[PDB]
Amino acid sequence: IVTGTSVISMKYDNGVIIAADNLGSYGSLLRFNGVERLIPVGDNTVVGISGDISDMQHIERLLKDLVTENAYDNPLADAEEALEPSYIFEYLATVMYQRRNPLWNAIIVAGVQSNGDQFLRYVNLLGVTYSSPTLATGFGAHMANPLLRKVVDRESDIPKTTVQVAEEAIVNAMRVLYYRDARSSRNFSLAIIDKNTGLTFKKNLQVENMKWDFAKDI
Amino acid sequence: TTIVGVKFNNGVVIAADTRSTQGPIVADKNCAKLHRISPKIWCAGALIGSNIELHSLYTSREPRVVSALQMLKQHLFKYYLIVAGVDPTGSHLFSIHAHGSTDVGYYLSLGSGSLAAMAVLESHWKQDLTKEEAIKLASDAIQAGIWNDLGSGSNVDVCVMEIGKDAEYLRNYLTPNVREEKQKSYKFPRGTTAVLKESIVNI
Amino acid sequence: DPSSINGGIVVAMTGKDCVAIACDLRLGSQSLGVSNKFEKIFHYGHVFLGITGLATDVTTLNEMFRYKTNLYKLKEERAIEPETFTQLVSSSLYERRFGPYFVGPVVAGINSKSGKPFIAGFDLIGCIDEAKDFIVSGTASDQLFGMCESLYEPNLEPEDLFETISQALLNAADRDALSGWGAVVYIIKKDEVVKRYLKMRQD
Amino acid sequence: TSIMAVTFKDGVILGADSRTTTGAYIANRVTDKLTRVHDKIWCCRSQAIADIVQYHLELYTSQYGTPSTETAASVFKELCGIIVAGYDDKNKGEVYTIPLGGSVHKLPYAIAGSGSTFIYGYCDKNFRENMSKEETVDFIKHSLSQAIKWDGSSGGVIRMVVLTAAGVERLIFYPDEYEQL
Amino acid sequence: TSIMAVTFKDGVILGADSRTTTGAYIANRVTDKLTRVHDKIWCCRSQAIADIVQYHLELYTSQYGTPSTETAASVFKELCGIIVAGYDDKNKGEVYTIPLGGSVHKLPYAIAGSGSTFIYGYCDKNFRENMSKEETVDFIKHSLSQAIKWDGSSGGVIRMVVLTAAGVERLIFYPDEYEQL
Amino acid sequence: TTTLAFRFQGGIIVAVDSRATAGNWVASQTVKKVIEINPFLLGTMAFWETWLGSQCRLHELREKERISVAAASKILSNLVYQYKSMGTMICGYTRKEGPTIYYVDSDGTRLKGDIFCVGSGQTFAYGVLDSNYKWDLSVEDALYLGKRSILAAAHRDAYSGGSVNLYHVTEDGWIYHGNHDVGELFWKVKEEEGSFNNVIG
Amino acid sequence: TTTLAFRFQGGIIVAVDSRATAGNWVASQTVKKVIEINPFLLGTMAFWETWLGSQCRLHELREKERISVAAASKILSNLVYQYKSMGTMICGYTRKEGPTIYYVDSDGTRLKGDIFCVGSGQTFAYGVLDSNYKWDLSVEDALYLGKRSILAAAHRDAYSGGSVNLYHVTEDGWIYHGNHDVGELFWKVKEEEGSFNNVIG
Amino acid sequence: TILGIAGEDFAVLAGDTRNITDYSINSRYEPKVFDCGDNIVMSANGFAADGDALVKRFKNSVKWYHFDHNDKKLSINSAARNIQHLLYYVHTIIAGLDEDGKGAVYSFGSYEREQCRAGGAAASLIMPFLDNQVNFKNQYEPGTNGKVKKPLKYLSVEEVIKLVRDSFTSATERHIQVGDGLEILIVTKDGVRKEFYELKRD
Amino acid sequence: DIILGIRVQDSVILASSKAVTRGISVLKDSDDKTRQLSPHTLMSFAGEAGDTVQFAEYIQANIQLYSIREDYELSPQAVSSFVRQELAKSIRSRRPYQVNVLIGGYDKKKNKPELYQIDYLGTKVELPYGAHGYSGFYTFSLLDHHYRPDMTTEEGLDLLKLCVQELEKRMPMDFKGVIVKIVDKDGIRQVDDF
Amino acid sequence: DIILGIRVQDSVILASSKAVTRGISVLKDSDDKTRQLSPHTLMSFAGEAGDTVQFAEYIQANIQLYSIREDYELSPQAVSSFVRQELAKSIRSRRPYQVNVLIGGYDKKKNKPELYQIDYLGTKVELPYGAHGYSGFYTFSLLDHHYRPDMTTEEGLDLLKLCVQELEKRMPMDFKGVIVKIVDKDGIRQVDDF
């Protein structure tokens, strides 16, 4: 009954950006306001999760177990034999399909492959997976994707999308989601995973520049 | 369906997509979803016109958008819509929830594409929109619904109602989904079909 | 589903200055085929109406529209036109909307004054669907939709229009369990109507 | 919804949030929930019958003279939750509430909507008889801000209508103003 | 039920009402709802699994040494809402809540039960970090008294367990004491 | 679906249609509804038969003689009753049984008989078999009778049609007498017999 | 309940049981299940007949003739069909009809016939009547046949029993041939016939 | 929606790349038809997760086959039987060249080899047109009074490409779930050729 | 249940079952499921218990009222139209008549036999041979095989014999035989030697 | 459906219907619903489609296993006890045998015929005459009237003829006659001229 809603992401010319709000809603009650739903799994991967928070914590536990077990008897676990975004995604999809006693979540695994390819995939409680230049989960799949898809309508738009353009698009999508989503919060976390700069994880970001003045006329 | 209304500095503009669907099947690719209630009152959704005209003749006055709203909501309550127009009291933009409740708005969206259109409206709507800016904004919201929603497609219909002048209805304002030419012509040679009987009908 | 009890399909297409309307002849009680002579196309002068759906409702509406168009012709001293008849059909379906008829009508005809083709359909929402190319109705509407959408091309000559519509109907009927047992095609011109029976699978 | 009517020294202040939701989606975030059913009688809900009640109250005003707030509550009851607030020189500012059961309760202050549940203790501990306009406004601001903070289906700007012998004064407060409280 | 755990300057205070109901009937009006699952770890259901958790925590204490409050919450979770409050000189006073979803949330203060709904706004405005013992006790008294005043399924005496490095201190407050607050 | 099998002086005639439908959508008009379990066993359905064929191959390897029709039908009926809307005939010939037809259905029944028709069109096939069936039919007469019996059901039953696949089970194994399109067959039968008078054309 | 009426050369024999039950509880063993609508009409049930009798009185006042059995049965059948689990026989004699039995049921059915049995025990009454009934029964033989049929139903049917009420409809009206307790009648029949050999005693 | 057509020494398996949930587009390019090597192309549509599981298990099975038979090219009939025994709310179609070098399309247990087969949401829109245009159903030689049927000639891979493109263009026009791009995989003696064609994106 | 009709060169032959079954037992094995609507029109009817006879008698009363009013025998085509109107109106009334009918008549003005099948929805259809409910599932194949528009009444009776034998052989219930009536230019008669 | 049994002075006579009906059509009209459990024991069974034959063959296998194991023909009383145990156990299992049986035997040690009626619940009862399902609703009134413990096999066959005629007369469905088998000191034999 405790759930989180929003996870949105898009890939750009040099990596992936992913953000989510820090809220846990107990039905209609905005009960918990500090929940973190972006789970870095390395300098190259972030796992954003939505839905049941208990299953979100379970998935976080599994991801930390992955990072632990990969280092066993593996001297190259640090640089060359480190976990890829794809290995994490396939492990998580296998977990979801095994439980599916399904895990009541939807997960976007975002990152950059060791060869530099942007990884961005979706998986949910049914085991349905897909990739796209922009991904969103829950209520964001309806409001956020139209906004993000104006920036990258197709694959060929990715190389023409700069860091700042995608960043401002994601921020605007969070502002719109806060406008129109009842189970959303003003506070969100954002993670940039650039192929050059690596994971750049921002926390406690603020939805700003909201417009309310036109209410006085109505 | 995707319907948006956008109030601008001197009037109101409503737009819609032209796709009608029978479940997953597109029955009509060019359905007109903007309907006149009176010359300057139009509606769109996801008797009233005739009664409005009769009352306009009876009272010898231009219809109020509030009159159409009141009659339509009372009709639905007895047994979603956007009704927008201009009347002597200015330009108006109302929405009706078919169970009876109504609200005022400066920009609205309805239909399955309502969320995709509302994203664009929230992102780009501002006070003191000019006519051209408002038409562009409504068209962009409808296009967002078209591209992102499976129930919306084909073309954009726009109706612009400005206070000082008559309403201009822009049937198929944009046509972004025109079909490409087929690779081959599938013309059968005459005599391909086997016929049992041929007769002339006395119409 | 009352419309699926008896099955059957109707398709109307527009040619160059001429119209075609076609239907299958099967009447059945679900799986059981009862009659191969239940024509679903009626004419009320120079305007043709194909009605699919529940067969009792087809007969009832045929009787009702014969009554209404006979009175119209007597009062007006002119035959009803395809557009006026489309409006009449739309209003008659509405008058029973609560407890509706389980039918999908297809109007086809040539307006006698302008002399140009007209075809129209009516959807579940009751919206008139007036189409420049083709109207399909019945159980095989999906099969017909794809078939017509691939075969149809603008400005078909009557002899090519016959072949196109007959192939569309035959190949859609072959893939519909509840449709078949023969087909009839009307080619409607300014001056004459030619009725043809098609050879087809009798299973 | 989160509506709140409070009688105070000079009259009655009726206030409400501006969010309306259809599920998780915010259908309208700037809705005006305060309904003027008669000159000095304003009501809230937690629309068709509001028009019917306005009709019946105009008919009553024509036949029998100006209705009181009790009159409006009675009309609602015979047509039927609702908070009916009003002002007149004889009864001063009045608050009536008509919960879902259909009973009519005259109260010093009333709270309704899903947001009201979260502020029962706050309003109980903070209400005082015959507050000033400033004190009443601050009280409503704090109560509605907490109701908005906790209730997902409540939010947006806070609107208030102040009813007094002087006239009808409409106030609006933005999230930048009350969320910092 | 109306349970409330609050960390404060010297430790954690866990408090609850004493009413249990089966429908409108009060099955027991003097129940002790604070459950000692380990020496300095107390929980509060919002009974059999409480025994199972005590069993597992004694087994843990024998094998691996003194469990933490997080250990207790973990054992609840793996067996499974609960408020788990405890104290140790490494972590000081801690509060964990395990709402019906099954997720575990470490909090500065927690409120649960049907009565908690009515005091979300009150506790939000009145809570303060690192209060004194007297201040924390007064805070819990006022919060629980309002919850009792509003929640029909909450009432009776208010019980508190004060966990500190000094020891475990149990307190009781009667309606003659807190209803007048 | 329509499947019929009947025994006569010349062995067994097995005739089936070919249609498959998903509701009203005709998914296919060339489905094979007869499985050739052995050179002497035909399974008619209206995984199971793969299992039965595997068991038959094992029996052929283990035992000196071929699996009997009784044994195969009993295997299938036991398997079906274990998982207890389907009907099958196990048609075959054994030197110590003669031509044998066993009807098995999803309820677990198992019937030895001379004539069986199964599927939505079964009543229409019965109408023709019962009135035209003789034990002393020639092989040509019996093949025509099966073809005509499936044609009747295909005409009147909406979910039956496509084409008629004729099989003949003789002392030397089953003979596949080919596929007949019901579209061509209906008309050919109509001219040669003069039946189906109500049908225009 | 068990009621039977059959026509023979001597008129109509109407026999009914007497038991009424509320579940397994036998509320009464003396319920009168035959309504004497007229001196010439018997209603049999297994408010309605109050209405029918009032209508018959009104008819006999308006017209010279007595209400026909057909007319009374159709009155009752229309009434029941308007409010459409019950079965009744309308039994009577009219100079221009002869002896007539009309069976009416809750479904609106209306049947003229020679023999009818109604109620939970109807199958046993049929088993006795069908095998012993003749048109040329003497009045004594027909009365015994009705008594024996109701006895069979009462013995085997749990909800049938009490006593047998015999009515005889002659040209001059109906005759009440008395009430027979199934307890005494069963034994009397057992000794005189030697039937019911399985019953100890 | 997927579509397999067998022809003269070629086979094609085509499908739209759109992925949807309810009335929302998940991705516009999610490849649906997979070149499985050994000159076999496959697609498991229907419920997505069960299709993925079936494809994964079939890849495991073919790897074991390669192990036991020393990397022998798996024949289309062997693959079809394997796919049966593995069989999920899935409608699988596999296409390739049979041992005689003829195009072969297998549709799925209860596998059926057929000259052409469509599957998915818009199978009903596509298949009748392909019956008419490939199998020449309901077509007769002109002037024969419906006595002589139009002979079933074979279509070159060019003509089949045209037919597939037009069928999917029509399905895109009239089916809301169909069409962001068209993925066509041609299987021939040379290998597997992949073509992509754009479709309307509304 | 069993209602069969066959139109031959000169007459219409209607066959209907004799059994009446209420629940556990057969009440009657000589029931006549036909009403003479007109001297040359005959209506067989089948379906649920009370509705059949109620509807049949209502139709007969109205048709006789028309005939007396107009001093004219309504054609079978007009009678079938009236019956279809009554069924189609009741199907969307508070209590429908759940009745299926075959109307066999001899049109004296056209001098042609006519057979109409109307189901409880009001689905009228003029047929060479007809059958309502499951009875058509067995007889239609035989009729398609053997029916000829030119048969004489004797050949039509033989074909009905074949159909009734098939129904007796394969249909589970015992319908106790059939009553066969012939509608002809000479009026209505009943075949007893059937 | 129809399973009748009558114990007379010297033999047990079991009658069972010949028809097999699945859904719309009668699949067979010569089905034998009896299994010989022993040279002097015979079991008739009725019930739903697949359970009857499965249960009958399982019982036959177990009874023959007992007989071979002990080189001794189990008495009808012991056979009926075994059948009752199997039915009573299965009814409170995951899949009951929803089967009713009549077990008619001649006890060679006691030289008396025995007839046992057992329903799917496991309700065994030793009867002079028996009938399962609705068949007893018609026959019991005739058997109560005419049955005598002293009847000869001919009289018992005549009483079976009476019962079967009554079932044909009043019971709606057609059960295609009965197969009648007599269990006697000489073994089991079928009455063909019934």
# chains A, B, ... in the order shown; residues from 1 in each chain; ligands from 1
>>> select_by_dssp(residues="chain D", states="helix (DSSP H, G or I)", output="PDB file with C-alpha atoms, in the first residue's frame")
ATOM      1  CA  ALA D  48     -26.459  20.655 -10.162  1.00  0.00           C
ATOM      2  CA  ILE D  49     -28.187  20.773  -6.786  1.00  0.00           C
ATOM      3  CA  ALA D  50     -26.218  23.937  -6.077  1.00  0.00           C
ATOM      4  CA  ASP D  51     -28.022  25.507  -9.037  1.00  0.00           C
ATOM      5  CA  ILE D  52     -31.323  24.039  -7.833  1.00  0.00           C
ATOM      6  CA  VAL D  53     -30.723  25.528  -4.375  1.00  0.00           C
ATOM      7  CA  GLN D  54     -29.822  28.914  -5.868  1.00  0.00           C
ATOM      8  CA  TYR D  55     -33.080  28.695  -7.822  1.00  0.00           C
ATOM      9  CA  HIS D  56     -35.146  27.819  -4.753  1.00  0.00           C
ATOM     10  CA  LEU D  57     -33.439  30.526  -2.699  1.00  0.00           C
ATOM     11  CA  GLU D  58     -34.186  33.187  -5.316  1.00  0.00           C
ATOM     12  CA  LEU D  59     -37.789  31.985  -5.376  1.00  0.00           C
ATOM     13  CA  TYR D  60     -37.884  32.208  -1.575  1.00  0.00           C
ATOM     14  CA  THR D  61     -36.267  35.654  -1.640  1.00  0.00           C
ATOM     15  CA  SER D  62     -38.940  36.853  -4.055  1.00  0.00           C
ATOM     16  CA  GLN D  63     -41.933  35.336  -2.237  1.00  0.00           C
ATOM     17  CA  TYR D  64     -40.892  35.687   1.409  1.00  0.00           C
ATOM     18  CA  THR D  69     -28.245  30.645   6.394  1.00  0.00           C
ATOM     19  CA  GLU D  70     -30.606  28.262   8.183  1.00  0.00           C
ATOM     20  CA  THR D  71     -32.925  28.699   5.200  1.00  0.00           C
ATOM     21  CA  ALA D  72     -30.195  27.651   2.763  1.00  0.00           C
ATOM     22  CA  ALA D  73     -29.277  24.633   4.882  1.00  0.00           C
ATOM     23  CA  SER D  74     -32.947  23.655   5.027  1.00  0.00           C
ATOM     24  CA  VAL D  75     -33.296  23.935   1.247  1.00  0.00           C
ATOM     25  CA  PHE D  76     -30.225  21.748   0.783  1.00  0.00           C
ATOM     26  CA  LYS D  77     -31.634  19.191   3.221  1.00  0.00           C
ATOM     27  CA  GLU D  78     -35.011  18.926   1.495  1.00  0.00           C
ATOM     28  CA  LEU D  79     -33.285  18.592  -1.880  1.00  0.00           C
ATOM     29  CA  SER D 114     -10.656  14.215   3.016  1.00  0.00           C
ATOM     30  CA  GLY D 115      -8.111  16.742   4.266  1.00  0.00           C
ATOM     31  CA  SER D 116     -10.225  17.569   7.311  1.00  0.00           C
ATOM     32  CA  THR D 117      -9.449  14.189   8.872  1.00  0.00           C
ATOM     33  CA  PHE D 118      -5.787  15.137   9.350  1.00  0.00           C
ATOM     34  CA  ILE D 119      -6.466  18.416  11.188  1.00  0.00           C
ATOM     35  CA  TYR D 120      -9.167  17.497  13.697  1.00  0.00           C
ATOM     36  CA  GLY D 121      -6.716  17.690  16.591  1.00  0.00           C
ATOM     37  CA  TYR D 122      -5.034  20.838  15.292  1.00  0.00           C
ATOM     38  CA  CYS D 123      -8.291  22.749  14.840  1.00  0.00           C
ATOM     39  CA  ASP D 124      -9.569  21.437  18.173  1.00  0.00           C
ATOM     40  CA  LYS D 125      -6.477  22.698  19.996  1.00  0.00           C
ATOM     41  CA  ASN D 126      -6.266  26.004  18.086  1.00  0.00           C
ATOM     42  CA  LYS D 133     -10.039  38.692  11.140  1.00  0.00           C
ATOM     43  CA  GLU D 134      -6.248  38.382  11.128  1.00  0.00           C
ATOM     44  CA  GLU D 135      -6.303  35.603  13.726  1.00  0.00           C
ATOM     45  CA  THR D 136      -9.088  33.744  11.913  1.00  0.00           C
ATOM     46  CA  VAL D 137      -7.239  34.040   8.599  1.00  0.00           C
ATOM     47  CA  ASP D 138      -4.006  32.752  10.139  1.00  0.00           C
ATOM     48  CA  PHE D 139      -5.892  29.881  11.779  1.00  0.00           C
ATOM     49  CA  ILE D 140      -7.503  28.848   8.491  1.00  0.00           C
ATOM     50  CA  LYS D 141      -4.175  29.203   6.678  1.00  0.00           C
ATOM     51  CA  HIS D 142      -2.374  26.906   9.115  1.00  0.00           C
ATOM     52  CA  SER D 143      -5.183  24.340   9.238  1.00  0.00           C
ATOM     53  CA  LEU D 144      -5.600  24.163   5.466  1.00  0.00           C
ATOM     54  CA  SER D 145      -1.837  24.110   4.920  1.00  0.00           C
ATOM     55  CA  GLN D 146      -1.516  21.035   7.131  1.00  0.00           C
ATOM     56  CA  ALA D 147      -4.525  19.432   5.426  1.00  0.00           C
ATOM     57  CA  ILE D 148      -2.889  20.093   2.044  1.00  0.00           C
ATOM     58  CA  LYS D 149       0.476  18.794   3.275  1.00  0.00           C
ATOM     59  CA  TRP D 150      -1.036  15.479   4.354  1.00  0.00           C
ATOM     60  CA  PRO D 175       1.856  27.625  -2.053  1.00  0.00           C
ATOM     61  CA  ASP D 176       4.894  29.904  -1.859  1.00  0.00           C
ATOM     62  CA  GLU D 177       3.027  31.642   0.977  1.00  0.00           C
ATOM     63  CA  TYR D 178       1.496  28.846   3.070  1.00  0.00           C
TER      64      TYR D 178
END
>>> closest_atom_pairs(of="chain F", to="chain H", cutoff="10 Å", atoms="only C-alpha atoms", output="Markdown table")
| residue | atom | partner | partner_atom | distance |
| --- | --- | --- | --- | --- |
| F:25 | CA | H:124 | CA | 7.2 |
| F:26 | CA | H:124 | CA | 8.7 |
| F:27 | CA | H:124 | CA | 8.4 |
| F:28 | CA | H:117 | CA | 8.6 |
| F:30 | CA | H:114 | CA | 8.1 |
| F:31 | CA | H:112 | CA | 7.2 |
| F:32 | CA | H:112 | CA | 8.0 |
| F:47 | CA | H:109 | CA | 6.5 |
| F:50 | CA | H:85 | CA | 9.5 |
>>> interface_residues(of="chain F", to="chain J", cutoff="7 Å", atoms="only C-alpha atoms", output="number ranges by chain")
F: 107-109
>>> select_by_dssp(residues="stretch 7-178 of chain D", states="strand (DSSP E or B)", output="ChimeraX atom specification")
/D:7,11-16,20-22,25-28,35-38,41-45,82-86,94-98,105-107,109-112,151,158-164,167-173
>>> residues_around(residues="residue C:178", least_positions_apart="3", cutoff="10 Å", atoms="only C-alpha atoms", output="CSV table (one decimal) with C-alpha atoms, in the first residue's frame")
chain,number,residue,atom,x,y,z
C,4,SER,CA,-23.3,-11.3,-33.9
C,5,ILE,CA,-26.3,-13.7,-33.7
C,6,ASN,CA,-27.1,-13.5,-37.4
C,7,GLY,CA,-23.8,-12.2,-38.8
C,8,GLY,CA,-23.6,-10.8,-42.3
C,9,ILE,CA,-21.6,-7.9,-43.8
C,24,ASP,CA,-23.6,-11.4,-48.1
C,26,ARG,CA,-26.4,-15.7,-45.1
C,27,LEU,CA,-29.0,-15.6,-42.3
C,28,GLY,CA,-28.1,-17.9,-39.4
C,29,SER,CA,-28.8,-18.8,-35.8
C,30,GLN,CA,-25.2,-18.4,-34.7
C,31,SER,CA,-23.4,-21.5,-36.1
C,32,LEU,CA,-26.5,-22.8,-37.9
C,33,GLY,CA,-27.1,-21.3,-41.3
C,138,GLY,CA,-20.9,-6.3,-40.0
C,139,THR,CA,-19.0,-9.1,-38.4
C,140,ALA,CA,-16.2,-9.1,-40.9
C,173,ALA,CA,-16.5,-13.2,-46.2
C,174,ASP,CA,-14.2,-16.2,-46.8
C,175,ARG,CA,-12.5,-15.3,-43.5
C,181,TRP,CA,-23.7,-18.3,-48.6
F,23,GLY,CA,-14.4,-16.9,-32.6
F,24,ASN,CA,-15.7,-15.7,-36.0
F,25,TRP,CA,-12.3,-15.1,-37.4
F,26,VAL,CA,-11.3,-18.1,-39.6
F,157,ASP,CA,-22.3,-25.5,-39.9
F,158,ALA,CA,-20.6,-22.1,-39.8
F,159,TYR,CA,-17.5,-23.4,-38.0
>>> interface_residues(of="chain A", to="chain B", cutoff="6 Å", atoms="only C-alpha atoms", output="ChimeraX atom specification")
/A:142-143,146
>>> interface_residues(of="chain J", to="chain I", cutoff="10 Å", atoms="only C-alpha atoms", output="CSV table (one decimal) with C-alpha atoms, in the first residue's frame")
chain,number,residue,atom,x,y,z
J,19,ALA,CA,-28.5,-45.6,-25.1
J,20,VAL,CA,-25.3,-43.5,-24.8
J,21,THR,CA,-25.9,-39.7,-25.2
J,22,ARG,CA,-23.3,-37.0,-25.3
J,23,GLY,CA,-24.7,-33.5,-25.7
J,24,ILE,CA,-27.0,-33.1,-28.7
J,25,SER,CA,-27.0,-36.6,-30.2
J,26,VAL,CA,-27.3,-40.2,-29.2
J,27,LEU,CA,-23.8,-41.7,-29.9
J,28,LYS,CA,-24.8,-45.3,-29.3
J,29,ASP,CA,-28.0,-47.4,-28.9
J,134,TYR,CA,-35.3,-41.2,-11.5
J,137,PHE,CA,-39.7,-42.9,-9.2
J,138,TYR,CA,-41.8,-44.8,-11.7
J,167,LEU,CA,-40.6,-45.9,-18.0
J,168,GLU,CA,-41.1,-45.7,-21.8
J,169,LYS,CA,-44.6,-44.3,-21.4
J,170,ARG,CA,-44.0,-41.5,-18.8
J,171,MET,CA,-40.3,-40.7,-18.7
J,172,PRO,CA,-39.4,-38.0,-21.2
J,173,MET,CA,-36.0,-39.1,-22.6
J,174,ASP,CA,-35.6,-42.1,-24.9
J,175,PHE,CA,-33.3,-44.7,-23.5
J,176,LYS,CA,-33.4,-47.1,-26.5
>>> closest_atom_pairs(of="chain C", to="chain H", cutoff="8 Å", atoms="only C-alpha atoms", output="tab-separated table")
residue	atom	partner	partner_atom	distance
C:142	CA	H:125	CA	5.7
C:143	CA	H:125	CA	5.0
C:144	CA	H:125	CA	7.5
C:145	CA	H:125	CA	6.6
C:146	CA	H:125	CA	4.2
C:147	CA	H:129	CA	5.5
C:149	CA	H:170	CA	5.6
C:150	CA	H:170	CA	5.7
C:167	CA	H:138	CA	7.0
C:170	CA	H:138	CA	6.8
C:171	CA	H:128	CA	5.7
C:172	CA	H:128	CA	6.2
C:175	CA	H:128	CA	6.8
C:199	CA	H:146	CA	7.8
C:200	CA	H:138	CA	7.4
>>> write_last_selection(atoms="N, CA, C and O atoms", output="CSV table (one decimal), in the first residue's frame")
chain,number,residue,atom,x,y,z
C,142,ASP,N,-13.5,-6.0,-39.7
C,142,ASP,CA,-12.0,-5.9,-39.7
C,142,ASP,C,-11.4,-6.4,-41.0
C,142,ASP,O,-10.6,-5.8,-41.7
C,143,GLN,N,-11.9,-7.6,-41.4
C,143,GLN,CA,-11.5,-8.2,-42.7
C,143,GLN,C,-11.8,-7.2,-43.8
C,143,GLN,O,-10.9,-7.0,-44.7
C,144,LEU,N,-13.0,-6.7,-43.8
C,144,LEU,CA,-13.4,-5.7,-44.8
C,144,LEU,C,-12.5,-4.5,-44.8
C,144,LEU,O,-12.2,-3.9,-45.8
C,145,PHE,N,-12.3,-4.0,-43.6
C,145,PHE,CA,-11.5,-2.8,-43.4
C,145,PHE,C,-10.1,-2.9,-44.1
C,145,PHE,O,-9.7,-2.1,-45.0
C,146,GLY,N,-9.4,-4.0,-43.8
C,146,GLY,CA,-8.1,-4.2,-44.4
C,146,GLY,C,-8.2,-4.4,-45.9
C,146,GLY,O,-7.5,-3.9,-46.7
C,147,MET,N,-9.2,-5.2,-46.3
C,147,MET,CA,-9.3,-5.6,-47.7
C,147,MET,C,-9.6,-4.3,-48.6
C,147,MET,O,-9.0,-4.1,-49.6
C,149,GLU,N,-9.1,-1.2,-47.6
C,149,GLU,CA,-8.1,-0.2,-47.5
C,149,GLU,C,-6.9,-0.5,-48.4
C,149,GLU,O,-6.2,0.4,-48.9
C,150,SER,N,-6.7,-1.8,-48.8
C,150,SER,CA,-5.7,-2.2,-49.7
C,150,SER,C,-6.1,-2.1,-51.2
C,150,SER,O,-5.4,-1.7,-52.0
C,167,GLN,N,-14.4,-8.4,-55.0
C,167,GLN,CA,-13.2,-9.1,-54.4
C,167,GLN,C,-13.1,-8.7,-52.9
C,167,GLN,O,-12.8,-9.6,-52.1
C,170,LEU,N,-15.8,-10.8,-51.2
C,170,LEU,CA,-15.6,-12.2,-51.2
C,170,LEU,C,-14.5,-12.7,-50.3
C,170,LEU,O,-14.6,-13.7,-49.7
C,171,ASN,N,-13.4,-11.9,-50.3
C,171,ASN,CA,-12.2,-12.3,-49.5
C,171,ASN,C,-12.4,-12.1,-48.0
C,171,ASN,O,-11.8,-12.8,-47.2
C,172,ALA,N,-13.2,-11.1,-47.7
C,172,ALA,CA,-13.5,-10.8,-46.3
C,172,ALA,C,-14.5,-11.9,-45.8
C,172,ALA,O,-14.5,-12.3,-44.7
C,175,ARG,N,-13.2,-15.3,-44.8
C,175,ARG,CA,-12.5,-15.3,-43.5
C,175,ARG,C,-13.3,-15.0,-42.3
C,175,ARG,O,-12.8,-14.8,-41.2
C,199,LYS,N,-20.6,-15.8,-57.3
C,199,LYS,CA,-20.2,-17.1,-57.0
C,199,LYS,C,-19.2,-17.1,-55.8
C,199,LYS,O,-18.2,-16.4,-55.9
C,200,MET,N,-19.5,-17.9,-54.8
C,200,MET,CA,-18.6,-17.9,-53.7
C,200,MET,C,-18.8,-19.2,-52.9
C,200,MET,O,-19.7,-20.0,-53.1
